[PDB]
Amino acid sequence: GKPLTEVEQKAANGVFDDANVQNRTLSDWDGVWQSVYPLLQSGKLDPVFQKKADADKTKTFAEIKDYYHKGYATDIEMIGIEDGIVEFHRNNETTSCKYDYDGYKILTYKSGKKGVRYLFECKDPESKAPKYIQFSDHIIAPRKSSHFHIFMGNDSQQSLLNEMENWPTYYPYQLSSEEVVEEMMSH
């Protein structure tokens, strides 16, 4: 999309006022999406971690790698979103649900930076998809997503709001692995 304004870039970096957060529709995440975890497993993110560790004098390669290893781990390799339906691919199995929007939640992290979770709920009794999902993607108002983090669970939304360590991360399926590492090198 368009380059971010200064205000949108600050929001992407976790700086914004609650009054500037707006609701979003599921279609902001329409598309087919690939988990980045297989890239981590295969060593393709080694240059990303080398770059971050060289730049942060307070962190070692191992500490950076372990952080993203915990962050990215998931067995959901692919997510498809279209026509109000999210489908999850785990090995050779698919589950899906027509998710209902339930608003957003503004979280404030230990650093004082903030982030917004967009909440959805599955109310289809015939579905085996996660009952609760939340999207987080460094965007706080309608805009098509470039990559997203998704929190999935079956117990409650608060349960997912408590999750800070694991944040399965998805880029568009149509990007090459080079192209994904490329985007990650710039973050």
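Between two forms, the rigid core is the largest collection of C-alphas that superpose within 1.5 Å. Just count from 1 along the sequence shown to find any residue number.
Novice: Between 56 to 64 and 35 to 43, report the one with more C-alpha displacement in 6 other deposited structures of this protein relative to this form after a rigid core superposition.
Specialist: Looking at 35 to 43 and 56 to 64 in 6 other deposited structures of this protein, the bigger mover is 56 to 64.
Novice: Out of 5 to 13 and 159 to 167, which one drifts farther from the shown form in 6 other deposited structures of this protein in terms of CA positions, with the fit done on the rigid core?
Specialist: After superposing on the rigid core, the more displaced stretch in 6 other deposited structures of this protein is 5 to 13.
Novice: Mean C-alpha B factor from the entry: is it higher for 66 to 74 or for 47 to 55?
Specialist: Result of the comparison: 47 to 55.
Novice: Given the B-factors recorded for C-alpha atoms, which segment has the greater mean, 145 to 153 or 120 to 128?
Specialist: Mean CA B-factor is higher for 120 to 128.
Novice: Among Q9, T169, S177, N23, which carries the highest Cα B-factor?
Specialist: Answer for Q9, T169, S177, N23: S177, with the highest C-alpha B-factor.
Novice: Among the modelled residues of this chain, does the Cα B factor of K110 put it in the lowest, middle or highest third?
Specialist: For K110, whose C-alpha B-factor we compare with every modelled residue in the chain, the answer is the highest third.
Novice: Against its chain's modelled residues, does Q158's Cα B factor rank lowest, middle or highest third?
Specialist: Middle third, going by the recorded CA B-factors of the chain.
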